[PDB]
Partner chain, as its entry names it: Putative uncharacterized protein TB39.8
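Have a look below at one chain only, the form solved without the partner chain, in structure tokens format.
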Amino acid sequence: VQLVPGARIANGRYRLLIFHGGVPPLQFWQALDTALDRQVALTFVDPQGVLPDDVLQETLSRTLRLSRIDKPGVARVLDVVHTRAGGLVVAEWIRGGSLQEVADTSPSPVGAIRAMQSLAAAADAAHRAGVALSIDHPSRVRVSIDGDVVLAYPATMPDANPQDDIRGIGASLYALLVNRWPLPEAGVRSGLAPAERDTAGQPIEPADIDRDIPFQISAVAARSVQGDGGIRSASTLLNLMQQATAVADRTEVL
């Protein structure tokens, strides 16, 4: 079939508006719910049917498992339906902007790390619940008006794991900090340039690229983005985020 703006999906209930990219076979869409007249976040799980039913089923399952976690870091799942275009994960629409859009406004460092805490925290409840967020691509998250960073398009496939979440979270923090995506790219419609690599392949640290960025805040970004090691828990990740914040509010004025 075909997915393009205007399409009507699910007995026509949803009309597509904007394509927000994804990591195939996933597709992140912005759509209008014509029965309740309000926007929703569609995650299509497999438009072309390329997935073995076994993987599909595990994907819905882990997504559902993620759904019952109620934290501001994750969009609320409204439904999970099978449509003419494959499995479909319907989520509330988060007012604000994409992760791409906000980073292009070189936002305050302190404002950025502070806003990431909702993401790290939701990560933590998830992991403690045995399910990953799958922060694998910048389109996956938005920034809400209320200054939270949110998993907008839920859809947790088999490959998603806690450790990749920590990496993906920092890859977001990094994005806000330097408007660059320090991860290889497994995407369509990424919208963000790649991060400069040092000689050892590790991304150049945020502070070195812009010495205005407090040291603590650039540390949490880099020690997190590298799967090399260091941070190995949303739990710890959050606390680092929090200490980095306190140091920063104090020092902020100066």
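In this text, rigid core is short for the largest set of C-alphas that superpose within 1.5 Å between two forms. Residues that one form lacks are left out of the comparison. Numbering follows the first chain given and starts at 1.
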property	result
Selected stretch [higher average CA B-factor]: 189-197 or 52-60	189-197
Between 228-236 and 9-17 (mean CA B-factor, as deposited), the higher	228-236
Options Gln39, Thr43, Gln216, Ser67 - largest CA temperature factor per the record	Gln216
Out of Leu26, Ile204, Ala35, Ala31, residue topping the C-alpha B-factor column of the entry	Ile204
Where the record places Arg140 (Cα B-factor, split into thirds across the chain)	lowest
Among modelled residues of the same chain, the CA temperature factor third for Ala122	middle
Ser134 - Cα temperature factor, lowest/middle/highest third of chain	lowest
Chain-wide C-alpha B factor ranking for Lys71, given as lowest, middle or highest third	middle
Ranked against its chain, the third holding the CA B-factor of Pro184	highest
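One more form of this protein should be noted, the form solved in complex with the partner chain, which is absent from this view; the next part is about it.
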| property | result |
| --- | --- |
| Among the candidates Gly191, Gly187, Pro47, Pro214, the residue which, in the deposited complex, approaches the partner chain to within 4.5 Å (heavy atoms) | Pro214 |
| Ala248, heavy atom within 4.5 angstroms of the partner chain in the deposited complex | yes |
| Distance check, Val253 to the partner chain in the deposited complex, heavy atom within 4.5 Å | yes |
| Region of this chain that lies against the partner chain in the deposited complex, out of 37-45, 196-204, 214-222, 52-60 [heavy atom, 4.5 Å] | 214-222 |
| Mobile segments between the shown form and the other one [3+ consecutive residues, each C-alpha shifted 2 angstroms or more, core superposed] | 250-254 |
